[PDB]
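Q: PDB, C-alpha atoms (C1' of nucleotides), saved as query36.pdb, coming up:
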ATOM      1  CA  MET F   1     -44.038 -26.993  13.731
ATOM      2  CA  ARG F   2     -40.530 -27.110  12.249
ATOM      3  CA  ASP F   3     -37.641 -25.227  13.851
ATOM      4  CA  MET F   4     -35.219 -22.774  12.243
ATOM      5  CA  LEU F   5     -31.460 -22.348  12.650
ATOM      6  CA  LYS F   6     -30.263 -25.759  11.468
ATOM      7  CA  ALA F   7     -26.579 -25.013  10.882
ATOM      8  CA  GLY F   8     -25.585 -28.284  12.515
ATOM      9  CA  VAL F   9     -27.091 -30.869  10.173
ATOM     10  CA  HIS F  10     -28.083 -30.059   6.584
ATOM     11  CA  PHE F  11     -26.119 -27.072   5.253
ATOM     12  CA  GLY F  12     -23.662 -27.452   2.383
ATOM     13  CA  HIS F  13     -22.738 -30.789   0.823
ATOM     14  CA  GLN F  14     -20.910 -32.279  -2.176
ATOM     15  CA  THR F  15     -17.471 -31.112  -3.309
ATOM     16  CA  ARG F  16     -17.361 -29.792  -6.886
ATOM     17  CA  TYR F  17     -20.062 -31.930  -8.505
ATOM     18  CA  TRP F  18     -22.607 -29.104  -8.552
ATOM     19  CA  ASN F  19     -24.941 -27.675 -11.191
ATOM     20  CA  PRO F  20     -24.835 -23.943 -12.119
ATOM     21  CA  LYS F  21     -28.625 -24.024 -11.722
ATOM     22  CA  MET F  22     -28.133 -24.163  -7.946
ATOM     23  CA  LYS F  23     -26.228 -20.890  -7.575
ATOM     24  CA  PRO F  24     -29.155 -18.993  -5.980
ATOM     25  CA  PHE F  25     -28.930 -21.541  -3.159
ATOM     26  CA  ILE F  26     -25.164 -21.682  -2.621
ATOM     27  CA  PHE F  27     -23.650 -19.450   0.062
ATOM     28  CA  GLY F  28     -19.994 -19.822  -0.864
ATOM     29  CA  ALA F  29     -17.623 -22.716  -1.507
ATOM     30  CA  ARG F  30     -14.958 -22.998   1.191
ATOM     31  CA  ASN F  31     -11.990 -25.315   0.610
ATOM     32  CA  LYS F  32     -14.431 -27.955  -0.646
ATOM     33  CA  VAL F  33     -18.197 -27.805  -0.087
ATOM     34  CA  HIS F  34     -20.207 -25.014  -1.721
ATOM     35  CA  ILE F  35     -22.406 -24.559   1.360
ATOM     36  CA  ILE F  36     -26.140 -23.876   1.074
ATOM     37  CA  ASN F  37     -27.869 -20.730   2.343
ATOM     38  CA  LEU F  38     -29.913 -21.503   5.450
ATOM     39  CA  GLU F  39     -31.553 -18.107   4.959
ATOM     40  CA  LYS F  40     -33.082 -19.297   1.685
ATOM     41  CA  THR F  41     -33.818 -22.833   2.869
ATOM     42  CA  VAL F  42     -36.191 -21.566   5.561
ATOM     43  CA  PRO F  43     -38.396 -19.595   3.127
ATOM     44  CA  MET F  44     -38.586 -22.783   1.069
ATOM     45  CA  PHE F  45     -39.747 -24.765   4.097
ATOM     46  CA  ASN F  46     -42.692 -22.408   4.567
ATOM     47  CA  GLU F  47     -43.746 -22.421   0.910
ATOM     48  CA  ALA F  48     -43.223 -26.180   0.633
ATOM     49  CA  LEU F  49     -44.889 -26.886   3.978
ATOM     50  CA  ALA F  50     -47.760 -24.538   3.143
ATOM     51  CA  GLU F  51     -48.583 -26.538   0.019
ATOM     52  CA  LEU F  52     -48.211 -29.636   2.192
ATOM     53  CA  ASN F  53     -50.842 -28.743   4.790
ATOM     54  CA  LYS F  54     -53.100 -27.939   1.838
ATOM     55  CA  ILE F  55     -52.977 -31.458   0.406
ATOM     56  CA  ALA F  56     -52.678 -32.901   3.914
ATOM     57  CA  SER F  57     -56.004 -31.518   5.133
ATOM     58  CA  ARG F  58     -57.411 -32.147   1.655
ATOM     59  CA  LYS F  59     -56.936 -35.880   2.226
ATOM     60  CA  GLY F  60     -54.352 -36.124  -0.535
ATOM     61  CA  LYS F  61     -52.014 -39.071  -1.044
ATOM     62  CA  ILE F  62     -48.242 -38.679  -1.348
ATOM     63  CA  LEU F  63     -45.600 -41.063  -2.692
ATOM     64  CA  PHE F  64     -42.209 -40.837  -0.977
ATOM     65  CA  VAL F  65     -39.461 -42.077  -3.294
ATOM     66  CA  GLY F  66     -36.186 -43.260  -1.792
ATOM     67  CA  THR F  67     -33.839 -45.626  -3.611
ATOM     68  CA  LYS F  68     -30.592 -44.265  -2.166
ATOM     69  CA  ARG F  69     -29.194 -46.370   0.679
ATOM     70  CA  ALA F  70     -28.669 -43.129   2.605
ATOM     71  CA  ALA F  71     -32.366 -42.786   3.421
ATOM     72  CA  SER F  72     -33.573 -46.266   2.474
ATOM     73  CA  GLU F  73     -34.831 -46.950   5.998
ATOM     74  CA  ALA F  74     -35.887 -43.369   6.729
ATOM     75  CA  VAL F  75     -38.101 -43.166   3.639
ATOM     76  CA  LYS F  76     -40.106 -46.163   4.861
ATOM     77  CA  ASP F  77     -40.509 -45.332   8.554
ATOM     78  CA  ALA F  78     -41.507 -41.788   7.597
ATOM     79  CA  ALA F  79     -44.107 -43.234   5.231
ATOM     80  CA  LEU F  80     -45.291 -45.628   7.940
ATOM     81  CA  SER F  81     -46.114 -42.970  10.533
ATOM     82  CA  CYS F  82     -48.664 -41.764   7.988
ATOM     83  CA  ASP F  83     -50.899 -43.508   5.449
ATOM     84  CA  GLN F  84     -48.689 -42.823   2.429
ATOM     85  CA  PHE F  85     -46.918 -44.916  -0.213
ATOM     86  CA  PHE F  86     -43.188 -45.282  -0.881
ATOM     87  CA  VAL F  87     -40.453 -46.873  -2.998
ATOM     88  CA  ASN F  88     -37.345 -48.179  -1.232
ATOM     89  CA  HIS F  89     -35.844 -50.901  -3.434
ATOM     90  CA  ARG F  90     -35.899 -49.764  -7.068
ATOM     91  CA  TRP F  91     -38.330 -47.612  -9.046
ATOM     92  CA  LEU F  92     -41.163 -51.234 -13.642
ATOM     93  CA  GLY F  93     -42.218 -49.716 -16.949
ATOM     94  CA  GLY F  94     -45.972 -49.289 -17.129
ATOM     95  CA  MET F  95     -47.069 -49.565 -13.504
ATOM     96  CA  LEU F  96     -49.590 -46.740 -13.875
ATOM     97  CA  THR F  97     -50.055 -46.878 -17.648
ATOM     98  CA  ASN F  98     -50.629 -50.634 -17.831
ATOM     99  CA  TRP F  99     -51.964 -51.038 -14.288
ATOM    100  CA  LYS F 100     -54.265 -53.959 -15.129
ATOM    101  CA  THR F 101     -51.580 -56.415 -16.266
ATOM    102  CA  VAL F 102     -49.238 -55.177 -13.531
ATOM    103  CA  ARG F 103     -51.807 -56.071 -10.872
ATOM    104  CA  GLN F 104     -52.007 -59.594 -12.293
ATOM    105  CA  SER F 105     -48.579 -60.064 -10.717
ATOM    106  CA  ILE F 106     -49.976 -58.959  -7.358
ATOM    107  CA  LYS F 107     -52.885 -61.406  -7.448
ATOM    108  CA  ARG F 108     -50.523 -64.253  -8.329
ATOM    109  CA  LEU F 109     -48.294 -63.227  -5.424
ATOM    110  CA  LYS F 110     -51.227 -63.463  -3.014
ATOM    111  CA  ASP F 111     -52.296 -66.721  -4.659
ATOM    112  CA  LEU F 112     -48.882 -68.322  -4.171
ATOM    113  CA  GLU F 113     -48.535 -67.210  -0.548
ATOM    114  CA  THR F 114     -51.862 -68.845   0.295
ATOM    115  CA  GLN F 115     -50.298 -71.960  -1.226
ATOM    116  CA  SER F 116     -47.011 -71.569   0.652
ATOM    117  CA  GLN F 117     -48.412 -71.060   4.154
ATOM    118  CA  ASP F 118     -49.612 -74.651   4.521
ATOM    119  CA  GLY F 119     -52.108 -75.447   1.782
ATOM    120  CA  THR F 120     -50.642 -77.876  -0.756
ATOM    121  CA  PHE F 121     -47.062 -76.863   0.041
ATOM    122  CA  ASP F 122     -45.327 -80.234  -0.278
ATOM    123  CA  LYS F 123     -47.697 -82.131  -2.574
ATOM    124  CA  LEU F 124     -45.909 -81.897  -5.923
ATOM    125  CA  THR F 125     -42.240 -82.341  -6.834
ATOM    126  CA  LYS F 126     -39.686 -80.225  -4.972
ATOM    127  CA  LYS F 127     -38.296 -78.849  -8.235
ATOM    128  CA  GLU F 128     -41.647 -77.240  -9.035
ATOM    129  CA  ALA F 129     -41.863 -76.048  -5.433
ATOM    130  CA  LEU F 130     -38.465 -74.357  -5.655
ATOM    131  CA  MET F 131     -39.847 -72.681  -8.773
ATOM    132  CA  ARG F 132     -42.728 -71.099  -6.864
ATOM    133  CA  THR F 133     -40.287 -69.900  -4.208
ATOM    134  CA  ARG F 134     -38.143 -67.816  -6.557
ATOM    135  CA  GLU F 135     -41.271 -66.316  -8.111
ATOM    136  CA  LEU F 136     -42.453 -65.235  -4.663
ATOM    137  CA  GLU F 137     -39.064 -63.680  -3.928
ATOM    138  CA  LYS F 138     -38.884 -61.679  -7.160
ATOM    139  CA  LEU F 139     -42.499 -60.624  -6.612
ATOM    140  CA  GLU F 140     -42.049 -59.724  -2.942
ATOM    141  CA  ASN F 141     -38.941 -57.674  -3.745
ATOM    142  CA  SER F 142     -40.495 -55.622  -6.549
ATOM    143  CA  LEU F 143     -44.125 -55.745  -5.419
ATOM    144  CA  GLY F 144     -43.438 -54.822  -1.805
ATOM    145  CA  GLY F 145     -45.100 -51.441  -1.425
ATOM    146  CA  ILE F 146     -47.084 -51.401  -4.665
ATOM    147  CA  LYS F 147     -49.253 -54.262  -3.398
ATOM    148  CA  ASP F 148     -51.445 -51.836  -1.447
ATOM    149  CA  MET F 149     -52.219 -49.792  -4.565
ATOM    150  CA  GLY F 150     -55.667 -50.581  -5.923
ATOM    151  CA  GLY F 151     -56.220 -47.405  -7.902
ATOM    152  CA  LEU F 152     -54.338 -44.602  -9.642
ATOM    153  CA  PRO F 153     -50.929 -39.996  -6.651
ATOM    154  CA  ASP F 154     -51.553 -36.290  -6.054
ATOM    155  CA  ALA F 155     -47.886 -35.541  -5.372
ATOM    156  CA  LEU F 156     -44.523 -37.286  -5.032
ATOM    157  CA  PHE F 157     -41.740 -36.664  -2.516
ATOM    158  CA  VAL F 158     -38.212 -37.501  -3.678
ATOM    159  CA  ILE F 159     -34.944 -37.453  -1.723
ATOM    160  CA  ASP F 160     -32.709 -36.707  -4.713
ATOM    161  CA  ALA F 161     -33.758 -35.203  -8.051
ATOM    162  CA  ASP F 162     -30.872 -36.866  -9.901
ATOM    163  CA  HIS F 163     -30.895 -40.331  -8.326
ATOM    164  CA  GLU F 164     -34.667 -40.578  -8.773
ATOM    165  CA  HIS F 165     -34.596 -38.483 -11.949
ATOM    166  CA  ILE F 166     -36.815 -41.108 -13.583
ATOM    167  CA  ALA F 167     -39.512 -40.532 -10.961
ATOM    168  CA  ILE F 168     -39.261 -36.793 -11.607
ATOM    169  CA  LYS F 169     -39.875 -37.150 -15.344
ATOM    170  CA  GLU F 170     -43.013 -39.284 -15.082
ATOM    171  CA  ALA F 171     -44.158 -36.781 -12.456
ATOM    172  CA  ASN F 172     -43.837 -33.848 -14.858
ATOM    173  CA  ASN F 173     -45.615 -35.147 -17.963
ATOM    174  CA  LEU F 174     -48.533 -36.230 -15.774
ATOM    175  CA  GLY F 175     -48.802 -32.792 -14.201
ATOM    176  CA  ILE F 176     -48.179 -33.820 -10.600
ATOM    177  CA  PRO F 177     -46.494 -31.616  -7.944
ATOM    178  CA  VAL F 178     -42.958 -32.603  -6.950
ATOM    179  CA  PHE F 179     -41.437 -32.182  -3.487
ATOM    180  CA  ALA F 180     -37.801 -33.022  -2.744
ATOM    181  CA  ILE F 181     -34.779 -32.097  -0.629
ATOM    182  CA  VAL F 182     -31.884 -32.032  -3.096
ATOM    183  CA  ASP F 183     -28.729 -29.894  -3.117
ATOM    184  CA  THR F 184     -26.062 -28.584  -5.507
ATOM    185  CA  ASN F 185     -25.857 -31.704  -7.686
ATOM    186  CA  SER F 186     -29.239 -31.178  -9.360
ATOM    187  CA  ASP F 187     -31.583 -28.891 -11.288
ATOM    188  CA  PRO F 188     -34.091 -26.889  -9.175
ATOM    189  CA  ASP F 189     -36.121 -25.893 -12.239
ATOM    190  CA  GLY F 190     -37.320 -29.489 -12.304
ATOM    191  CA  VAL F 191     -38.869 -29.167  -8.853
ATOM    192  CA  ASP F 192     -41.779 -26.777  -8.301
ATOM    193  CA  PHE F 193     -41.358 -27.206  -4.541
ATOM    194  CA  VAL F 194     -37.679 -27.892  -3.862
ATOM    195  CA  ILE F 195     -35.961 -27.834  -0.467
ATOM    196  CA  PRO F 196     -32.262 -26.822  -0.523
ATOM    197  CA  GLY F 197     -30.722 -29.389   1.800
ATOM    198  CA  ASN F 198     -28.219 -32.229   2.093
ATOM    199  CA  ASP F 199     -29.360 -35.053  -0.187
ATOM    200  CA  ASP F 200     -27.158 -37.626   1.542
ATOM    201  CA  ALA F 201     -26.528 -38.096   5.270
ATOM    202  CA  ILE F 202     -29.133 -40.057   7.228
ATOM    203  CA  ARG F 203     -29.351 -37.536  10.073
ATOM    204  CA  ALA F 204     -30.057 -34.913   7.410
ATOM    205  CA  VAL F 205     -32.856 -36.666   5.524
ATOM    206  CA  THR F 206     -34.519 -38.033   8.665
ATOM    207  CA  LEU F 207     -34.939 -34.510  10.041
ATOM    208  CA  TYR F 208     -37.213 -33.102   7.337
ATOM    209  CA  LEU F 209     -38.716 -36.472   6.406
ATOM    210  CA  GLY F 210     -39.710 -36.657  10.057
ATOM    211  CA  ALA F 211     -40.948 -33.082  10.333
ATOM    212  CA  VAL F 212     -42.844 -33.319   7.047
ATOM    213  CA  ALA F 213     -44.508 -36.526   8.234
ATOM    214  CA  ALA F 214     -45.346 -34.847  11.538
ATOM    215  CA  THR F 215     -46.933 -31.912   9.718
ATOM    216  CA  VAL F 216     -49.019 -34.375   7.701
ATOM    217  CA  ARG F 217     -50.529 -36.210  10.667
ATOM    218  CA  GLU F 218     -51.334 -32.830  12.216
ATOM    219  CA  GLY F 219     -54.117 -30.757  10.693
ATOM    220  CA  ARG F 220     -55.578 -33.975   9.310
ATOM    221  CA  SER F 221     -57.029 -36.395  11.869
ATOM    222  CA  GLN F 222     -54.203 -37.425  14.200
ATOM    223  CA  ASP F 223     -51.941 -36.139  16.980
ATOM    224  CA  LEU F 224     -48.174 -35.591  16.896
ATOM    225  CA  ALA F 225     -45.854 -38.391  18.009
ATOM    226  CA  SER F 226     -42.130 -38.912  18.588
ATOM    227  CA  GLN F 227     -40.031 -39.835  15.553
ATOM    228  CA  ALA F 228     -38.800 -43.433  15.515
ATOM    229  CA  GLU F 229     -36.424 -42.665  12.646
ATOM    230  CA  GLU F 230     -34.032 -41.062  15.132
ATOM    231  CA  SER F 231     -33.090 -44.559  16.299
ATOM    232  CA  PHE F 232     -31.682 -45.320  12.848
ATOM    233  CA  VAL F 233     -29.597 -42.141  12.960
ATOM    234  CA  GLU F 234     -27.235 -44.167  15.150
ATOM    235  CA  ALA F 235     -25.840 -45.463  11.853
ATOM    236  CA  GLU F 236     -23.073 -42.898  12.335
TER     237      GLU F 236
ATOM    238  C1'   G Q   1     -97.330-104.051 -66.700
ATOM    239  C1'   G Q   2     -92.678-103.710 -64.871
ATOM    240  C1'   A Q   3     -87.159-103.280 -61.653
ATOM    241  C1'   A Q   4     -82.100-105.119 -62.885
ATOM    242  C1'   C Q   5     -77.753-106.333 -65.572
ATOM    243  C1'   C Q   6     -76.583-107.041 -70.577
ATOM    244  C1'   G Q   7     -76.337-106.523 -76.365
ATOM    245  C1'   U Q   8     -77.419-103.698 -80.909
ATOM    246  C1'   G Q   9     -79.258 -99.190 -83.279
ATOM    247  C1'   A Q  10     -79.734 -93.797 -82.136
ATOM    248  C1'   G Q  11     -78.959 -89.203 -79.087
ATOM    249  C1'   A Q  12     -76.714 -86.102 -75.105
ATOM    250  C1'   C Q  13     -71.338 -86.812 -73.903
ATOM    251  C1'   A Q  14     -65.981 -88.679 -71.964
ATOM    252  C1'   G Q  15     -60.171 -88.281 -71.478
ATOM    253  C1'   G Q  16     -54.833 -86.250 -71.027
ATOM    254  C1'   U Q  17     -47.903 -88.396 -66.424
ATOM    255  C1'   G Q  18     -49.724 -82.611 -73.135
ATOM    256  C1'   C Q  19     -47.213 -77.684 -71.094
ATOM    257  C1'   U Q  20     -46.251 -74.134 -67.031
ATOM    258  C1'   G Q  21     -44.429 -75.658 -59.670
ATOM    259  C1'   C Q  22     -41.262 -68.361 -60.835
ATOM    260  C1'   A Q  23     -49.338 -69.123 -61.162
ATOM    261  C1'   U Q  24     -49.927 -72.499 -56.512
ATOM    262  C1'   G Q  25     -52.013 -75.982 -52.182
ATOM    263  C1'   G Q  26     -49.911 -80.000 -50.006
ATOM    264  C1'   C Q  27     -45.277 -82.754 -48.827
ATOM    265  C1'   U Q  28     -40.097 -82.750 -48.658
ATOM    266  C1'   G Q  29     -34.785 -81.412 -49.065
ATOM    267  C1'   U Q  30     -31.068 -77.691 -47.651
ATOM    268  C1'   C Q  31     -27.870 -73.796 -44.320
ATOM    269  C1'   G Q  32     -29.966 -76.966 -39.493
ATOM    270  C1'   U Q  33     -31.227 -79.490 -35.870
ATOM    271  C1'   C Q  34     -27.363 -75.195 -36.942
ATOM    272  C1'   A Q  35     -29.227 -72.098 -34.126
ATOM    273  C1'   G Q  36     -30.918 -68.044 -32.046
ATOM    274  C1'   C Q  37     -35.142 -65.930 -33.605
ATOM    275  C1'   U Q  38     -39.098 -62.085 -31.776
ATOM    276  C1'   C Q  39     -42.683 -59.274 -28.773
ATOM    277  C1'   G Q  40     -44.803 -55.225 -25.006
ATOM    278  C1'   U Q  41     -43.365 -50.645 -23.086
ATOM    279  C1'   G Q  42     -39.785 -46.490 -22.218
ATOM    280  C1'   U Q  43     -35.892 -43.781 -24.571
ATOM    281  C1'   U Q  44     -33.067 -41.729 -29.386
ATOM    282  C1'   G Q  45     -34.103 -40.236 -34.870
ATOM    283  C1'   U Q  46     -38.173 -36.010 -39.454
ATOM    284  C1'   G Q  47     -37.838 -41.071 -41.048
ATOM    285  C1'   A Q  48     -36.544 -46.224 -42.799
ATOM    286  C1'   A Q  49     -34.731 -47.827 -37.796
ATOM    287  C1'   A Q  50     -31.671 -47.953 -33.272
ATOM    288  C1'   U Q  51     -31.274 -49.123 -27.991
ATOM    289  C1'   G Q  52     -32.826 -53.004 -25.296
ATOM    290  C1'   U Q  53     -28.273 -58.203 -26.024
ATOM    291  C1'   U Q  54     -23.207 -51.107 -24.878
ATOM    292  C1'   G Q  55     -19.101 -50.735 -20.751
ATOM    293  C1'   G Q  56     -15.407 -53.175 -16.560
ATOM    294  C1'   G Q  57     -13.912 -58.273 -14.406
ATOM    295  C1'   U Q  58     -15.245 -63.594 -15.885
ATOM    296  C1'   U Q  59     -17.045 -67.929 -18.126
ATOM    297  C1'   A Q  60     -17.753 -73.191 -22.697
ATOM    298  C1'   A Q  61     -21.995 -69.704 -23.402
ATOM    299  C1'   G Q  62     -26.152 -62.332 -23.234
ATOM    300  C1'   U Q  63     -23.060 -67.670 -17.722
ATOM    301  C1'   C Q  64     -23.674 -64.358 -14.208
ATOM    302  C1'   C Q  65     -22.791 -59.499 -11.359
ATOM    303  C1'   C Q  66     -21.021 -54.361 -10.985
ATOM    304  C1'   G Q  67     -22.063 -49.927 -13.396
ATOM    305  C1'   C Q  68     -25.534 -49.371 -15.975
ATOM    306  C1'   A Q  69     -32.170 -45.707 -20.638
ATOM    307  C1'   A Q  70     -33.757 -49.884 -20.084
ATOM    308  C1'   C Q  71     -37.052 -53.041 -17.712
ATOM    309  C1'   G Q  72     -39.766 -57.579 -18.695
ATOM    310  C1'   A Q  73     -41.935 -61.528 -21.774
ATOM    311  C1'   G Q  74     -42.940 -65.660 -25.722
ATOM    312  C1'   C Q  75     -40.879 -69.899 -29.387
ATOM    313  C1'   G Q  76     -35.085 -72.549 -29.826
ATOM    314  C1'   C Q  77     -32.031 -75.467 -26.990
ATOM    315  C1'   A Q  78     -33.185 -78.558 -22.746
ATOM    316  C1'   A Q  79     -37.229 -81.428 -20.799
ATOM    317  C1'   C Q  80     -41.743 -84.651 -22.103
ATOM    318  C1'   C Q  81     -41.739 -90.411 -25.494
ATOM    319  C1'   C Q  82     -39.148 -94.942 -27.045
ATOM    320  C1'   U Q  83     -34.508 -98.746 -27.308
TER     321        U Q  83
END
Represent the structure from my file as structure tokens, please.

A:
Amino acid sequence: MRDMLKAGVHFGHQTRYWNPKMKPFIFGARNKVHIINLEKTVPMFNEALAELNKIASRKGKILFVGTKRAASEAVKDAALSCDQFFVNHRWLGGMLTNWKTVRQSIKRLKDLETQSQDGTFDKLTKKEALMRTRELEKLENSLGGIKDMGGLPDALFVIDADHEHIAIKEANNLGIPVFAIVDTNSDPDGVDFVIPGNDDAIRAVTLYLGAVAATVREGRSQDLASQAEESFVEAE
RNA sequence: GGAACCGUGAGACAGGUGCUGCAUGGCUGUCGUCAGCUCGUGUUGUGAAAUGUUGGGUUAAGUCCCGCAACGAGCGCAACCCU
């Protein structure tokens, strides 16, 4: 299980771009950073983790959102260790509402690939061929992790409430739990299960994102394994 | 007996570029062949609607990025035909 006393990674962050709604989580600004209370972050871990093991052993799906280039690689690897979804690139309008039509783009993507591998690849003009290439690109860039979705999640996990504020909204009107590790620059009232921690910093996000993923595989139907996200922490 | 065309007598009936295209269909001219014109969804407004195509640098051009409540899509241009 997770470990306490993490005053060497997360802690305070951001200078003066905070939100008065995060006062009950700020220890005390010193020369710059406001500093977050590690004494309040721990209690949040328990409550947030508790609700996690509940949906984890309940065979519930989670969608880890991560558009920020600070945890772009961590959000994926963490979602790979387990059988969960994720959003790295950018978060279309009507993916869940107008699922049908949206999937039509997925089928076409699979239809073009089967035509790009070897079957009728260089039969028609090159101009038309270069037209099918761009389509594939645009489709592979947007429909990268949504291609595995064949049916409408139980909860979403964001890295930053503000950056992925759009994902938070659509997660509120639908009545779906929201888990995230944001800091000062945000509104906690928008997150039923918020984790007061550094939003940025790769070594900061990888820690929880790795522990949370480890707590998911355990108590479900798998054994614990070493985190491979630590290798990307060398970005420093 | 009787079909047909035709002529006279008799009966039932025809026609109109005569008016109105501010009653209209169709066709055509004109800004134009100039050119953009619109849709789905999200967001803003009580609403008619707005945003989407705002901002910074740039380009012949929404030409294209960066930031970005917007993200995408269908006619127009272009291409397809002919000298």

Q: Just to confirm, what's the straight-line distance from CA of residue 179 (chain F) to CA of residue 154 (chain F) in Å (one decimal)?

A: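 Spanning CA of residue 179 (chain F) to CA of residue 154 (chain F) is a straight-line distance of 11.2 Å.
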
Q: Any idea which chain F residues end up within 10 Å of chain Q if we count all atoms listed in the file, as a PyMOL selection string please?

A: chain F and resi 92-94+97-98+166

Q: What does the distance between CA of residue 72 (chain F) and CA of residue 99 (chain F) come to in Å, to one decimal place?

A: 25.3 Å

Q: Find the distance between CA of residue 38 (chain F) and CA of residue 195 (chain F) and write it in Å to one decimal.

A: 10.6 Å

Q: Can you pull out the residues contacting region 228-233 of chain F? Cut-off 10 Å, using all atoms listed in the file, and skip same-chain residues under 3 positions away; I want them as a list in words.

A: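 Skipping anything fewer than 3 positions along the chain leaves residues 71, 73, 74, 75, 76, 77, 78, 81, 201, 202, 203, 204, 205, 206, 207, 209, 210, 225 and 236 of chain F.
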
Q: I'd like the neighbourhood of residue 57 (chain Q) as a list in words, where a residue qualifies if any of its atoms comes within 12 Å (using all atoms listed in the file), though same-chain residues fewer than 2 positions away should be ignored.

A: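 The residues that qualify are residues 55, 59, 64, 65, 66 and 67 of chain Q.
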
Q: Residues near residue 116 (chain F), anyone? I mean within 12 Å using only C-alpha atoms (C1' of nucleotides), not counting same-chain ones fewer than 4 positions away, as a ChimeraX atom specification.

A: /F:109-112,120-123,129-133,135-136
